[PDB]
Amino acid sequence: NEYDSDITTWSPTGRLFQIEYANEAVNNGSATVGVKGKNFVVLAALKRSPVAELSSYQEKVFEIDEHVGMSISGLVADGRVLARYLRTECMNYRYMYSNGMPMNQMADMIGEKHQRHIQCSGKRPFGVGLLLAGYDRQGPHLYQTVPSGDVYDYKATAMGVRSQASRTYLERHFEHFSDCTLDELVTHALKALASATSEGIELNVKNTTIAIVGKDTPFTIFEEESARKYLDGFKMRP
Amino acid sequence: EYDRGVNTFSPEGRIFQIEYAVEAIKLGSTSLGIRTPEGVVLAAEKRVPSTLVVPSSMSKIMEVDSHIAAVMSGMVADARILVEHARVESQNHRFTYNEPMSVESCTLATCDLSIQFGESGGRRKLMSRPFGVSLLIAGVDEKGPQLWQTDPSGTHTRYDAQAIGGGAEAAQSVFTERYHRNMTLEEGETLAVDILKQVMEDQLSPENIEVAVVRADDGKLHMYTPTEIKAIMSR
Amino acid sequence: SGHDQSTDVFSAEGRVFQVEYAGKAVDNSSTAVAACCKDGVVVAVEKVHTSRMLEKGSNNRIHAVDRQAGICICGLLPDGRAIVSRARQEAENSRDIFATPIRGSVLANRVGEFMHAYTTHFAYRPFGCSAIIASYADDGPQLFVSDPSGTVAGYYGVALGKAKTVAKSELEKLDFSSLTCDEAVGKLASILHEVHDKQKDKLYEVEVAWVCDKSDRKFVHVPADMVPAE
Amino acid sequence: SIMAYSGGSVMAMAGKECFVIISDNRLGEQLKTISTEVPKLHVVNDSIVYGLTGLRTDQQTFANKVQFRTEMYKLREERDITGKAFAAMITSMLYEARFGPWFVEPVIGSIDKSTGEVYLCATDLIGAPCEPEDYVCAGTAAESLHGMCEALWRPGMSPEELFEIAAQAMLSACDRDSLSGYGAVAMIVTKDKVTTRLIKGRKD
Amino acid sequence: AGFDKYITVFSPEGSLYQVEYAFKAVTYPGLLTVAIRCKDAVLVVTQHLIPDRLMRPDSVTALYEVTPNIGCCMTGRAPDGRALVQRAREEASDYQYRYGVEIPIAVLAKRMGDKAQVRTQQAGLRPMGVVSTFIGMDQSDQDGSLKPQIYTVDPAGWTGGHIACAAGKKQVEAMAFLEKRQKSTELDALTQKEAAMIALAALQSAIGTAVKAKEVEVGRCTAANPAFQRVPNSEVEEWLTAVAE
Amino acid sequence: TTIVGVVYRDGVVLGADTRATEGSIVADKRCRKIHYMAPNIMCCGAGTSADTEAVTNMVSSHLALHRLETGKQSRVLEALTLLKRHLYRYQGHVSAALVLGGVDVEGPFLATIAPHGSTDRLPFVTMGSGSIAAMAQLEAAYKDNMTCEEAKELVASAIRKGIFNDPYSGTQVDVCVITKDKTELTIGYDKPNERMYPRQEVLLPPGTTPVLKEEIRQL
Amino acid sequence: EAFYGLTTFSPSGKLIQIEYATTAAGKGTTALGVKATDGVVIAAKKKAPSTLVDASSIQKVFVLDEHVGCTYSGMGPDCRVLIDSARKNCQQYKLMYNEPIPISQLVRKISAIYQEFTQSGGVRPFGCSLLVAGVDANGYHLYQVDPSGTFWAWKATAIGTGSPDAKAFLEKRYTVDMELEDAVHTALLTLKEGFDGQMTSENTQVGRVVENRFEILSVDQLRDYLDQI
Amino acid sequence: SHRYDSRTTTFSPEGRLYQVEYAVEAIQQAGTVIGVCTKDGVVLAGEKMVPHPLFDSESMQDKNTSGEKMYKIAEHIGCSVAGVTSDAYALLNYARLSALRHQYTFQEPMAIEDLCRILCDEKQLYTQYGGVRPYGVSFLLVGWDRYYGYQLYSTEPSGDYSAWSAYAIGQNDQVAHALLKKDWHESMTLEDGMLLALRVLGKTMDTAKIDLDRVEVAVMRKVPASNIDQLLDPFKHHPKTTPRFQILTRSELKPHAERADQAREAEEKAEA
């Protein structure tokens with residue numbers, strides 16, 4: 001293949017192979033699931049488990065603003081850069097208007113930022129995908145961004161390694177998400193995340209992060225200590 | 001070779017330059033790190049090129065601040081830039097906030113410097129290549145003893161016991177056993193010395209390795225002298 | 001060989017192959033149609049969804065550029081978003097420097113000039129989308145198409161995308177002189193539904209927008225209960 | 001003012017095939033004589049002699065710049081610069097710093113070695129040229145020099161007569177000036193030879 | 001030393017391949033234009049064919065106004081010429097703001113040729129695959145009268161005046177027809193009607209299809225009316241009927 | 001300084017004085033203030049001599065380059081535009097008041113450019129310190145379509161009005177006639193102030209001034 | 001953005017890009033120059049591609065200043081950049097020293113741009129050769145400048161296609177004490193020898209440097225010299 | 001695009017820079033010039049290209065600044081070039097600018113070694129930075145300064161320079177080096193040194209009865225001062241003798257050429 005070595009090279013069939021490679025990079029990251037309810041959005045992130053004594057920690061879920069947060073999958077450095085950019089833009093907006101940025105405008109800004117790096121010769125696409133969970137006057141929002149620059153407005157979605165199982169599970173309970181309560185939404189997200197784990201690994205607090213955003217709930221991250229309420233009692237019943 | 005650019009993606013999704021810089025780490029000396037409630041221990045293999053070299057002139061463990069140390073593996077020439085940047089950022093944090101800078105923040109600054117590589121000039125001069133250095137930053141802060149690991153990709157990861165360099169997989173295999181949450185400082189030191197023994201082609205001598213300790217109770221960094229290393233061995 | 005790796009290179013027969021590859025990428029995109037009805041312009045696009053869990057309105061391909069102008073994207077959506085941002089910059093420059101809404105022909109020419117500049121330098125690649133500009137300015141209803149090559153052409157009716165030839169043939173059956181936007185919306189929606197293959201794109205939606213006298217000459221989306229069910 | 005801080009006066013006078021350029025010797029700081037042996041004349045080549053008057057540091061800086069320019073000109077162009085070209089170059093150099101002006105006031109005399117035509121120039125601090133056929137003068141004693149030259153100069157002078165007129169005018173102008181004096185130095189430039197003389201003056 | 005034809009570098013034969021390829025982009029679209037000048041006016045006729053009946057015929061055109069007194073025709077890659085038109089207009093405006101007078105046609109052509117030459121010496125820039133034909137009136141000295149002027153600019157930056165010229169597909173046949181007609185009559189002594197008939201006859205003979213009026217667009221500058229304007233279709237129709245004899 | 005311009009039957013007549021004052025003292029008695037701009041364009045200047053010389057030389061060089069580029073003769077409006085843009089760019093700190101006169105295919109063109117950049121095209125114009133006394137003469141004797149002799153005499157008289165009523169002007173009248181084909185510049189057209197009461201020419205024999213050292217260098 | 005050099009050395013020590021540019025510079029129409037004890041005459045060949053080209057609009061002889069002219073052979077658009085740079089250099093010199101630029105300094109200035117484009121990054125060498133003729137304080141001068149930047153001072157030379165034959169013809173005919181119109185006759189005859197058809201006053205452009213100026217010859221003057229050879 | 005970048009300033013698998021070596025090879029085909037540094041002056045003798053009958057001489061006044069092969073950098077500095085002449089002109093201008101800048105700053109003549117060093121950094125800069133080709137020219141610098149007297153330097157197209165008592169560059173430089181080693185001594189006069197120059201040149205170019213139309217000679221010596229004027233600055237010391245760079249003319253070069261070729265016969269007739 002002589003059309004995949006550059007970003008400003010079109011394939012003869014009308015393809016951009018570097019962006020496809022970045023999508024492949026996103027497809028190899030840790031699995032994460034986003035679920036949108038009537039008033040709440042819940043993200044579930046599958047972090048690395050310890051090797052029987054050695055617990056490694058890596059920050060995947062970020063808090064962007066009082067009403068916004070996101071989960072990354074893929075290149076962690078690209079996710080950090082995108083988090084810094086989003087936090088700066090949120091701080092700029094809240095300074096000018098004394099209110100949080102609307103989620104649609106935010107998604108447009110992330111899309112434009114992604115597109116800025118897919119057309120210049122001295123640039124490369126972000127090898128990371130994002131799940132944006134937020135709340136504004138228009139209600140709950142759940143977005144997914146890809147290295148190509150496309151932003152998808154989702155009722156429920158998943159991304160990462162072996163996330164097709166999570167997606168096909170969510171495709172059976174998503175139409176009821178508008179009626180499930182917060183606890184039911186968390187259980188659905190946890191089941192979707194568990195559908196993406198390996199054979200011999202069951203979900204537990206050591207290897208799962210739970211992010212929640214709502215109407216009166218600022219974007220809150222839930223980890224080892226605070227995740228006891230949602231993960232201590234939980235098991236996949238086939 | 002210049003067939004591919006420095007920002008190109010592999011068909012598997014990996015950046016070629018970053019993956020090539022990772023293989024340079026495995027060609028370097030072995031470095032260790034142990035986190036325990038009593039403190040954090042850094043160990044490193046010196047691998048001097050000759051017996052005429054002054055062993056103190058090739059310090060594999062450098063002091064970022066009085067509570068933060070850093071041990072490198074790979075290309076020591078590039079590691080000096082990272083350690084200097086970390087020192088400058090820690091001093092800036094002390095200047096601005098009148099408090100010691102956290103280990104995680106120092107690692108964040110190091111990775112922030114590391115990620116700034118590319119080829120497009122434009123407005124800012126970037127590095128022509130990523131750093132061929134993996135850093136292991138140890139320290140004591142308000143969250144107790146903390147150990148972090150830095151990659152050429154610019155990704156920081158908090159660890160309980162991590163090893164970098166040539167003897168990495170064997171050290172990890174030893175890590176799977178013989179390690180727990182609540183080892184004492186002496187037990188961690190002996191574990192580090194034994195792991196260096198297991199992955200060293202040369203014979204272990206007090207002047208052959210470098211050991212440093214950041215104590216939880218003291219809160220300060222303490223470089224170990226060859227007699228202290230011998231005392232560790234004589235146990 | 002190396003004669004098709006960058007846009008700054010002509011072929012032996014005087015062609016720019018990268019622009020043709022971008023046009024080929026456009027030709028593999030979802031079908032869009034547009035009609036100028038002598039009292040306004042109606043544009044209709046089909047959106048193919050790869051997931052059934054997408055929120056309604058996701059991946060909008062029609063965007064308002066000014067009060068009276070809008071752009072539909074046929075091709076790579078992020079490139080279309082960049083082109084829409086450029087068009088919005090062009091439209092507000094006219095309203096701020098010249099205190100007048102931008103004419104449809106002027107906006108189309110600006111979009112074509114912006115798209116053409118990326119086909120002349122080695123450091124950039126052409127946009128992988130075609131832009132449908134629908135305007136109702138002081139020069140009357142205007143419907144233009146901007147090619148990844150940067151050439152702009154005005155139309156009475158136009159079709160783009162994968163199912164282009166059949167949609168164009170269906171558009172050839174309209175009059176465009178007695179045609180009005182009220183019935184043109186239904187005509188375009190029916191054409192899009194008929195020309196679309198139901199066994200390859202399982203999840204499809206029809207997104208229709210228009211700017212005529214009925215919207216006070218403002219480019220907006222249709223009322224939800226106006227397009228046919230199928 | 002800044003132009004009278006260092007003192008000094010220069011005057012050029014035109015003969016038939018010759019010109020006499022004369023400068024005073026005093027260098028001081030606004031009342032106090034730092035030295036009494038500081039001539040202000042500079043030789044560019046066998047045909048051009050010019051003097052500078054004004055702030056002494058500006059005199060030295062401008063003289064160094066002119067030396068640089070003339071050496072570069074003689075290196076690039078395999079020939080000696082002519083008087084008119086040299087005056088034009090000084091005009092351009094002075095006008096480049098039109099709003100940051102140098103505090104000098106050059107007085108240029110030149111003669112064609114083959115023709116014998118005499119060219120005199122005296123620009124302002126910003127380069128405004130002035131090319132008469134009788135005499136030019138600049139410095140703190142400019143008014144007295146102008147009066148003496150107007151009263152004594154005639155067209156067809158010999159080098160000796162021209163030198164005597166220039167010396168008398170310079171000494172009489174320096175007598176009425178507190179910032180100029182302490183003898184003089186004169187250069188008589190003819191078609192065939194160049195003579196340098198030092199002229200007795202008051203020690204006041 | 002292997003490629004020598006993808007960037008603006010000399011071939012071993014001392015030729016620029018990327019500039020010769022841009023000359024083939026002029027004739028690639030298959031369009032043809034003929035420009036002629038009579039004793040008191042200058043006309044340009046360009047093929048304006050719209051195979052797509054759904055395309056608004058008056059939206060696409062190859063005739064552009066550079067200045068009120070200078071008109072232009074672009075033959076070749078349609079967007080490329082458009083870009084050059086913009087440059088030309090800028091090269092006019094700045095000139096108008098620098099000297100206070102309207103730019104002469106020859107000066108504008110020379111500056112446009114200078115712009116083209118830059119893209120043939122800088123590596124990363126692609127030449128514009130169009131031939132530019134500027135028509136206008138030139139103010140003469142010592143008598144004050146106006147004279148028709150045609151100036152062509154090549155993708156190589158070559159600028160040249162013309163009594164009559166052709167550019168595009170089958171331009172050689174049109175030039176041969178014009179040269180053959182020139183051997184008998186004197187083009188600079190003809191009237192506007194005769195010059196228009198000759199230009200349309202050359203355009204028809206080059207392609208051999210007996211064009212209608214909707215298939216061509218004509219631009220014109222006259223001594224009585226120095227402004228550049230397009231000839232209405234009725235006059236083109238009467239010209240074609242006069243030719244049909 | 002007094003500079004005057006007059007439009008006559010066919011062409012423009014410019015005039016100037018020749019006195020240059022080095023701050024209330026006469027530096028040169030025969031300064032040249034009618035500058036060259038083109039074969040058909042001239043420009044008299046008043047104010048800072050350095051600024052006038054620099055701007056006139058620069059615009060003349062630009063015009064020469066432009067005529068090399070175009071191949072036509074320079075238009076007076078082009079020189080006017082260049083001068084006015086340059087003078088306006090410096091907000092009047094380039095203190096040069098110019099009287100521009102030329103002949104083109106459009107006929108005679110006479111204008112004034114203020115140091116701040118404003119331009120006025122008029123049949124008769126004055127600039128300089130002695131302009132007002134000059135203008136009062138032009139307003140008293142100017143008529144349309146004068147012959148060359150009448151225009152020259154009127155310009156000389158208007159210059160003489162500034163010569164005798166302005167301490168900054170005098171010692172000659174410089175007259176330049178510009179037509180379609182020929183441009184003539186007369187330097188000694190009028191010399192009202194002649195040389196009266198010649199000098200005594202008191203002789204100083206060689207050797208009356210003592211010499212301390214001497215050095216002779218043969219060439 | 002094309003900041004690397006296009007001209008590089010070869011294993012044989014040759015700058016093959018400059019050699020190719022020189023080959024391009026020798027493919028233009030024949031131009032020539034002849035010096036004489038009282039002036040220099042340079043003549044070019046304006047062979048229009050057709051009779052519909054308005055030969056008055058095409059120029060191969062250029063005026064650089066009131067005392068210096070030029071003619072070329074090769075790429076005309078490449079030549080026009082150097083012509084404009086030389087004119088600007090002449091104007092700047094007149095502004096700086098209030099004297100006409102000497103021909104040697106102008107030739108040095110032209111040669112520096114050639115070297116700049118043969119060594120700086122992202123550009124190719126020029127594909128034209130220049131014949132510069134002029135007067136200065138030390139007499140009459142005629143220089144040839146090549147794409148490599150090297151310049152020579154000539155008594156009689158030729159560039160373009162058929163230049164070896166023109167130089168061979170000039171060598172036998174040139175005389176050390178040749179005067180002005182004799183040089184014009186020699187130049188016209190040399191052009192006629194290699195001319196494909198008949199030399200008309202609209203087919204040739206000639207400029208004779210006469211004692212203070214370049215003064216491109218008029219059509220009537222060239223007819224007066226063409227009907228005499 | 002980066003595909004067509006030739007990568008001039010890059011290392012090769014042997015640690016050698018190919019552009020520098022190719023420039024050195026280019027200089028090998030240039031005309032030969034030989035410098036001899038004696039105790040009373042320095043002689044430069046170079047072969048110039050065969051004079052075409054239609055060549056004209058630029059009627060320059062001051063016929064001592066630049067010849068066909070030899071140029072003047074400063075009043076006390078001269079140079080000869082071998083290689084790309086158009087590249088040599090730019091470096092000569094740079095060297096003149098540097099020398100005059102040093103004279104501007106310190107009001108003293110620039111040291112020969114300092115000028116040699118400053119223009120060698122210019123050549124070195126193009127071999128590490130810029131991404132363009134280096135200068136394909138070698139310089140032979142001659143001059144006089146009060147610190148070391150008469151000096152002779154040679155520069156490579158890589159930034160390297162060396163000081164020599166006798167050296168050569170251009171065609172047959174190895175043969176010239178071999179012959180100069182055979183015949184050179186410290187107790188050598190100027191006229192003897194010039195005799196060594198021509199005798200080595202005429203043998204490298206393989207000619208008997210050395211042709212005057214193909215050889216150029218320049219000398220850096222010291223002459224009595226001419227334009228010393230003490231009255232214009234009484235406190236300045238003016239040296240009695242100043243260094244002078246003089247290019248020999250046709251009539252000045254042939255008296256020394258006659259010594260060289262009769263010496264040639266005197267040394268070749270006794271070999272039997």
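Heavy-atom basis, side chains included; hydrogens, waters and symmetry copies ignored. Numbers restart at 1 for each chain; the letters A, B, ... are given by sequence-line order, proteins then strands.
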Using a 4.5 angstrom heavy-atom cutoff, name the option from [options] with the most pairs to chain G.
options	answer
H:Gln61, H:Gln28, H:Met60	H:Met60
H:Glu25, H:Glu68, H:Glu58	H:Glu58
H:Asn93, H:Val132, H:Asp56, H:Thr85	H:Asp56
H:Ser6, H:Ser1, H:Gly130, H:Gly83	H:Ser1

Between [X] and chain H, which part of the residue has a heavy atom less than 4.5 Å away: side chain, backbone, both or neither?
X	value
G:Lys14	neither
G:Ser111	both
G:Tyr114	neither
G:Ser148	backbone
G:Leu15	side chain
G:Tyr174	side chain
G:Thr157	neither
G:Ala156	both

State whether a side-chain donor-acceptor pair under 3.5 Å links [X] with [Y].
X	Y	answer
H:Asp87	G:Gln115	yes
H:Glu252	H:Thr249	yes
G:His67	G:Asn212	no
G:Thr37	G:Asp177	no
H:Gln103	H:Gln107	no

#### Entry: Geometric cation-pi criterion, G:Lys45 with G:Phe195: 6.0 Å, 45°
yes
### Query
With a 4.0 Å cut-off, would you call H:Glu75 and H:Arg244 a salt bridge?
yes
#### Entry: H:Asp213/H:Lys48 ion pair, N-O < 4.0 Å
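No salt bridge links H:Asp213 with H:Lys48.
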Answer with side chain, backbone, both or neither: which region of [X] has an atom nearer than 4.5 Å to a non-hydrogen atom of chain G?
X	answer
H:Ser59	both
H:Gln19	both
H:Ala90	side chain

### Near-ring test H:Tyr18/H:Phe11, centroid separation under 6.0 angstrom
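No; H:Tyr18 has its ring centre 6.0 Å or more from that of H:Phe11.
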### Check: H:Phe55 ring centre within less than 6.0 Å of G:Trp154 ring centre
yes
### Query
If you count heavy-atom pairs under 4.5 Å with chain H, which of G:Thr118, G:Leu170, G:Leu6 comes out on top?
G:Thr118
### Query
If you count heavy-atom pairs under 4.5 Å with chain H, which of G:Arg108, G:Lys155, G:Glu1, G:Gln119 comes out on top?
G:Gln119
### Query
Knowing that exactly one of G:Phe117, G:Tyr20, G:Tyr72 qualifies, which makes a ring-ring contact (aromatic ring centres under 6.0 Å, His included) with G:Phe126?
G:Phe117
